[PDB]
Amino acid sequence: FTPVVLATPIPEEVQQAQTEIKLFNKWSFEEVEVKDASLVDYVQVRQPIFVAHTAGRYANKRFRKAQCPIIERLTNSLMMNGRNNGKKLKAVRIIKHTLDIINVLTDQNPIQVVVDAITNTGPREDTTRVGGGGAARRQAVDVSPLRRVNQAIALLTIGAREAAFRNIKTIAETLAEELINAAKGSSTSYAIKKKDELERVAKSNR
Amino acid sequence: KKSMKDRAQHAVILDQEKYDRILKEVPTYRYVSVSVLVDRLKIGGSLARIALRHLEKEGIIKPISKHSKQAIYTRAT
Amino acid sequence: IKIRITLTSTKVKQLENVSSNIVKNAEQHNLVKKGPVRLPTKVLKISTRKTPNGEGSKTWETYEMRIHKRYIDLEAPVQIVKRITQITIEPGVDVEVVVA
Amino acid sequence: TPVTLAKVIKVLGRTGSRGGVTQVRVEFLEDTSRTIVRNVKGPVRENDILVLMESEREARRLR
Amino acid sequence: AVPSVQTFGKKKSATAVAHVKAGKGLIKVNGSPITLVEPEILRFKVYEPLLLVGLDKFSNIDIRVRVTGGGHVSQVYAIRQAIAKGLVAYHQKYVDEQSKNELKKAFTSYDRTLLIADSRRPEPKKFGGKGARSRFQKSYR
Amino acid sequence: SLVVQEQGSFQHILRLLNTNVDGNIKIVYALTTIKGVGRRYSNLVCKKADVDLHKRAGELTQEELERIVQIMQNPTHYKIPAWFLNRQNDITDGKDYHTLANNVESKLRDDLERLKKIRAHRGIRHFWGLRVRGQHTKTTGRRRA
Amino acid sequence: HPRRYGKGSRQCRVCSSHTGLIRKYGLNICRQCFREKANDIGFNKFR
Amino acid sequence: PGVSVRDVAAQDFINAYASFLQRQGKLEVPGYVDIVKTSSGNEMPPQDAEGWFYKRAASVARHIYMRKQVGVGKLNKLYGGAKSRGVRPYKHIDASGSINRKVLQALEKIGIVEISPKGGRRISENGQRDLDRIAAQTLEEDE
RNA sequence: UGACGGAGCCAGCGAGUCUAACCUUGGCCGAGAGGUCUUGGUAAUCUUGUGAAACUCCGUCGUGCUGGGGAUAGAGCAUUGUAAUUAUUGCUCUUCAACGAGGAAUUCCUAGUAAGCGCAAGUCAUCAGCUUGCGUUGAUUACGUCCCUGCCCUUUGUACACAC
RNA sequence: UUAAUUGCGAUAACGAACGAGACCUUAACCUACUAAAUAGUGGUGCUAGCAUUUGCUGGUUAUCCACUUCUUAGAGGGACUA
Numbered sequence: 020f021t022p023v024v025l026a027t028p029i030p031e032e033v034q035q036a037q038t039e040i041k042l043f044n045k046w047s048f049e050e051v052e053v054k055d056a057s058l059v060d061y062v063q064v065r066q067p068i069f070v071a072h073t074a075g076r077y078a079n080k081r082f083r084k085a086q087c088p089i090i091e092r093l094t095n096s097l098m099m100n101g102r103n104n105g106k107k108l109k110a111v112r113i114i115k116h117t118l119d120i121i122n123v124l125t126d127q128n129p130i131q132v133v134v135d136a137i138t139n140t141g142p143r144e145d146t147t148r149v150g151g152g153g154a155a156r157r158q159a160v161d162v163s164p165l166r167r168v169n170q171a172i173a174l175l176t177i178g179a180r181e182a183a184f185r186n187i188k189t190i191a192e193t194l195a196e197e198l199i200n201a202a203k204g205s206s207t208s209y210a211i212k213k214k215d216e217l218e219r220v221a222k223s224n225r
Numbered sequence: 029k030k031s032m033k034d035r036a037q038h039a040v041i042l043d044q045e046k047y048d049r050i051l052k053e054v055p056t057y058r059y060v061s062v063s064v065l066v067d068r069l070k071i072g073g074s075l076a077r078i079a080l081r082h083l084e085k086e087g088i089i090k091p092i093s094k095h096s097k098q099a100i101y102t103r104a105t
Numbered sequence: 020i021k022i023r024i025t026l027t028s029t030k031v032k033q034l035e036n037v038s039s040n041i042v043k044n045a046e047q048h049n050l051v052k053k054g055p056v057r058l059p060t061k062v063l064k065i066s067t068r069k070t071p072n073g074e075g076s077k078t079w080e081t082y083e084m085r086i087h088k089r090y091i092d093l094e095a096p097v098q099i100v101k102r103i104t105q106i107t108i109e110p111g112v113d114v115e116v117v118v119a
Numbered sequence: 005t006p007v008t009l010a011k012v013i014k015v016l017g018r019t020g021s022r023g024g025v026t027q028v029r030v031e032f033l034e035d036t037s038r039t040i041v042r043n044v045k046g047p048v049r050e051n052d053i054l055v056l057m058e059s060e061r062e063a064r065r066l067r
Numbered sequence: 003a004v005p006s007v008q009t010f011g012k013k014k015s016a017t018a019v020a021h022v023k024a025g026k027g028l029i030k031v032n033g034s035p036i037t038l039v040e041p042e043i044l045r046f047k048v049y050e051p052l053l054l055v056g057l058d059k060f061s062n063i064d065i066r067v068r069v070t071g072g073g074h075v076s077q078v079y080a081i082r083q084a085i086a087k088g089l090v091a092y093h094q095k096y097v098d099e100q101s102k103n104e105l106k107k108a109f110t111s112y113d114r115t116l117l118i119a120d121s122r123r124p125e126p127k128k129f130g131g132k133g134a135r136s137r138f139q140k141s142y143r
Numbered sequence: 002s003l004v005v006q007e008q009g010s011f012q013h014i015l016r017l018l019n020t021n022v023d024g025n026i027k028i029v030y031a032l033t034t035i036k037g038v039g040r041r042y043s044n045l046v047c048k049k050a051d052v053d054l055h056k057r058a059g060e061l062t063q064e065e066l067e068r069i070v071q072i073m074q075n076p077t078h079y080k081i082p083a084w085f086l087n088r089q090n091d092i093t094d095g096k097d098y099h100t101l102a103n104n105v106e107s108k109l110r111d112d113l114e115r116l117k118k119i120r121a122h123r124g125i126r127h128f129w130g131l132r133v134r135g136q137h138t139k140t141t142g143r144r145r146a
Numbered sequence: 010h011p012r013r014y015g016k017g018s019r020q021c022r023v024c025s026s027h028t029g030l031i032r033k034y035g036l037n038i039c040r041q042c043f044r045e046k047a048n049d050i051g052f053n054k055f056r
Numbered sequence: 002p003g004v005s006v007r008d009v010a011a012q013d014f015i016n017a018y019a020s021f022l023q024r025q026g027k028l029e030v031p032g033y034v035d036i037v038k039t040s041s042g043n044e045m046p047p048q049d050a051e052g053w054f055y056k057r058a059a060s061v062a063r064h065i066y067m068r069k070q071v072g073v074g075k076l077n078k079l080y081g082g083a084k085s086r087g088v089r090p091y092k093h094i095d096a097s098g099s100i101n102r103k104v105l106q107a108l109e110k111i112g113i114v115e116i117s118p119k120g121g122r123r124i125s126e127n128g129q130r131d132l133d134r135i136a137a138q139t140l141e142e143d144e
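Protein chains in written order, with the deposited numbering: chain SB, 20 to 225; chain SK, 29 to 105; chain SJ, 20 to 119; chain SL, 5 to 67; chain SF, 3 to 143; chain SH, 2 to 146; chain SM, 10 to 56; chain SI, 2 to 144.
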């Protein structure tokens, strides 16, 4: 690595990250292999990005959403609850500060932690609706891994919304503490509590 | 039930009887930030920023990365 | 003598016939000039309700004027103010002759 | 948590009165060349990988 | 003469004309250099075209981009396409092919909008509704 | 980076202008508690008295509060351009006055009592308790009586 | 006759009606005669 | 190699220039100091009551060298903002004319800019050498 | 994912005076609305780069029917007009209530879409909380079904035919 | 099979028509043609500054020169599911 100088000097940090392999500011996109063999081909890896902002043509066809990175799936999941619509630069500021918090505590790669959290908190089976006539009944069958990850990101998103709502605690660390709790397993956060609630609901109506 | 709240008492003006313990109780903390100071040290968010700046003046902690209404910190290790 | 010819017409196929023609007449002799500028089309927006009374759905229509204007600039002495003023005018085409 | 790995090759069609459930043919990685019919919620197609909580069941159709 | 080429970019309402010439290797927009276009997050997003092959390609090349119109994120999305297209134009005007084909395939195989303009334009609003694909409340009995 | 000692001079309860004043909060916003003074006028008096803005109401000496509240009775003598006063160009006197926390309701009672004796359109409905500003009350404001 | 007006006393040019006027566009007429006139204003009707 | 304001960040430049006028040079005294809202859409005077003026001068001087020919009427809409007009939705409200006029008249005798024909004001050489030299020193203050 | 105040502060559609008085630039005065003297334009040229807002950066605040909210009223400052009182409307100060995510039921929606936000125009001498057009930021969720609400074709039944 | 009596095919039917389709406009691309101080771009002149050491930021219609890529539609090309 040799620093290259031009008519307008630039900080050496970006040049260092641009020398061998492109990454985030200090974070690396490698060593994030998924432990679950059922979630492959659905999470996007090995194609690093700098900022979660991207205007991709992912909503045109059926499965163009498969190549959507995990990180902005959280930011896109945060893009609701009314007045929070828009200003996606806030939606990318929250995640960057969230992974920054996970950097100091549990010094492993935060993006590998949220991937592990997605695998852990992803529900595997769920119940359906059956007419019956007069009364409604629920039948339980399996859930596709595409729906597994899509529901998994949402559970963290609306599990930290009310946790940081009407409280001094901000949403910067509320997402941070929720994802580590789901990853390691604590049975205290909203995501795990809802995951076992539907597991026992499906178990009862198996 | 919606009973009466606890009326949280985050500190807004420092004083010696409570200024002294920050240098002795904050240690042995792996992850530190502004938010943890508010809900655990019972101090204000603005008070946390100046106190951490004063505490980092002693060459123990460093901002590392910081921005508006957020910061990350880690004790001497 | 800075003779400027300005054209204003709605039918897009018509003033182009005029604009091409005056260029051809101005191409005679030498009569140095510039080509036809293309100014933005001033689309007019008139919006009215289809139903006269209040009965019916809230149906709306937008009637539009597409006026196209294209002027030319010519510079030459006094002969051209006589050899260009010959009017190649057609219904729907308006011409504005301004000198200097 | 006893789970089994499930491999899908063929798809039957979308079932259910609401249409949110799909009839999908699924095989097993362990003890392969065994056919068991199972249901699914999310969009599926050929060459996917699925995990089942239980392996001994058979549902023909759902409402 | 002077070796100079010019390109341009597009967005929803943002256009980014770029002036590229051989000099001391400077980058600036609206008189301000690359590290100040004020996205404060998408700063890396606009770094993207000029980092994934290094600074060896910008040793002695001045590029200047003028941006007008569009939203803030739309404005930021304009320079990256202008400099990438200007980078291609410089590769198409002064340097050889073996460097050119490697440069373009690195650009295309990573991101589309680096050189591909987005054709997803807003849909005109329809009568009887606030938005293009929105309708008023019916409220019948 | 200012460190201030908080000795026993701090008090949790305040009493100014014969009204209850709460402490433990910013003095600038603690003066808004006392009725008749709004957010805008609060900072004018706070900066006119040359007192610190970020100090709390509890940690406050007698001289500073006396200096703050002595403005209210006669602010015009204290070089104010005289457009913030709630009682300017009064009918009785014609001068600019600032009714304190206890004369606010006495003033409008006098204002209402002279509207009632005159039996104007704006006064009869005020005695009736209905709308006098022309606002529609046929379908709005049902659940107030 | 004693009269003041001068504050919007404009009627339809072709039917003399003080109903809704479009105006500020050179027509100062009513909506209905604007409809049943055709081929004069906004005739193109591409949209 | 020659540093202008465009080569440095906007926030640190107007802060360094504000501290320059805070410490050196007398800008002017507005008279209605920290008693105005600096606009019509706002209802609270600036928190930096002792300041808000020399940094006001730094911002307008930077922008009057950014732009070419603008007047106080333009300055009102430049620094306007949405006003919470009660129940009505937010609408843009222009800044106070007197505040922008006072700072402009404050800085005329300083020399930061001179009166231009055809409307607006054009930057003088005396008022732009210092406006440009400050940028040549503000980027080296970090180290 | 907030309120407030200071910095960065980017668009598009359209309109605009002749025998009349429209859009208004610049200078000056006033906290503000607003007032005076001129300048440019019958219009891509001048209003207007409509420098708009939502937006981000610096600070204060703090979980408190409180700095959210301005309904409710009082007084004062101006504009429109022959006249404005049941405040036309704008501006300034003060009073600071209900409302703390709304129960049956119901409305719109498959991409720049919904939603958030603003701009131009229609009503206008003045007055947008409406509508018509335009622009900024801009999600998750479907790629299926007729189960409810409706539609089309074929078969069957009808004591209907102004027709369930 | 298609959004479509939209097509194949079958067939006491053949020949047909209207609607849909077809057609037009708008939003899309054109560094391909005419191009254009009522839109601009670069340079040559005058002038202002920063380090002066090579550059950068500007302003200027009678200071001109070259061009239409960015701004404007004219004739046009361009995806028909190849």
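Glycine residues also receive a C-beta, built at the ideal position from the N, C-alpha and C atoms.
Neighbourhood of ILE20/SJ by C-beta, 8 Å cutoff - its chain only, sequence neighbours within 5 removed: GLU94, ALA95, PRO96, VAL97, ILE99, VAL100, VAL118, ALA119, listed in sequence order.
8 Å Cβ cutoff, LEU16/SL in contact with chain SB: no
Run of the beta strand (DSSP E) containing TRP79/SJ, from where it starts to where it stops: 79 to 94
Distance CB(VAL62/SK)-CB(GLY73/SK) smaller than 8 Å: The Cβ atoms of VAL62/SK and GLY73/SK lie closer than 8 Å to each other.
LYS32/SJ (DSSP reduced to helix, strand or coil): Correct three-state label for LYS32/SJ: helix.
Pair within 8 Å by beta-carbon distance, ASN25/SH and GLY59/SH: With respect to the 8 Å criterion, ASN25/SH and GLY59/SH are classified as neighbours on the basis of their beta carbons.
Contact list for the region 37 to 48 of chain SH against chain SI, Cβ threshold 8 Å: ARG40, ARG41, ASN44, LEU45, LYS48
Element boundaries [beta strand (DSSP E), containing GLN8/SF]: 6 to 12
Where the alpha helix (DSSP H) through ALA17/SI begins and ends: Counting along the chain, the unbroken alpha helix (DSSP H) around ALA17/SI starts and ends at 11 to 24.
Contiguous alpha helix (DSSP H) assignments of at least 4 residues, all confined to the region 158 to 205 of chain SB: 164 to 180, 190 to 203
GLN98/SK, DSSP secondary structure in three states: strand
As assigned by DSSP and simplified to three states, the class of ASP52/SL: strand
Boundaries (first-last residue) of the alpha helix (DSSP H) holding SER136/SF: No alpha helix (DSSP H) contains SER136/SF, which DSSP labels as neither H nor E.
Sequence ranges, alpha helix (DSSP H) only - wholly within the region 62 to 107 of chain SF, length at least 4: 74 to 93
Cβ pair residue 215/SI, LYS48/SH closer than 8 Å: Residue 215/SI cannot be examined here, being either before or after the span of chain SI that is shown, 2 to 144.
Element boundaries [beta strand (DSSP E), containing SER66/SJ]: 61 to 68
Three or more C-beta pairs below 8 Å linking the region 206 to 222 of chain SB and the region 140 to 154 of chain SB: Counting Cβ pairs under 8 Å, three or more are found: they touch.
Whole-angstrom C-beta distance between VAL15/SL and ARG29/SL, which should lie under 8 Å: For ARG29/SL against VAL15/SL, the beta-carbon gap comes to about 6 Å, under 8 Å, which counts as contact.
Whole-angstrom distance between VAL22/SF and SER20/SI, CA atom to CA atom: 38 Å
DSSP-derived helix/strand/coil call for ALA62/SI: helix
N- and C-terminal bounds of the alpha helix (DSSP H) containing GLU91/SB: 90 to 96
Members of the region 73 to 85 of chain SH near chain SI, C-beta cut-off 9 Å: Using a CB distance below 9 Å, the part of the region 73 to 85 of chain SH facing chain SI consists of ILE81, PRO82, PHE85, ordered along the chain.
Neighbour list for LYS77/SJ in chain SF, Cβ cutoff strictly below 9 Å: Per Cβ cutoff of 9 Å: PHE129, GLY130, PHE138.
DSSP three-state assignment for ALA36/SK, whether helix, strand or coil: coil
Runs of beta strand (DSSP E) lying entirely within the region 18 to 47 of chain SH, each at least 3 residues, in chain order: 20 to 23
Per-residue contacts from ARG112/SB into chain SF (C-beta, under 7 Å): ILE43
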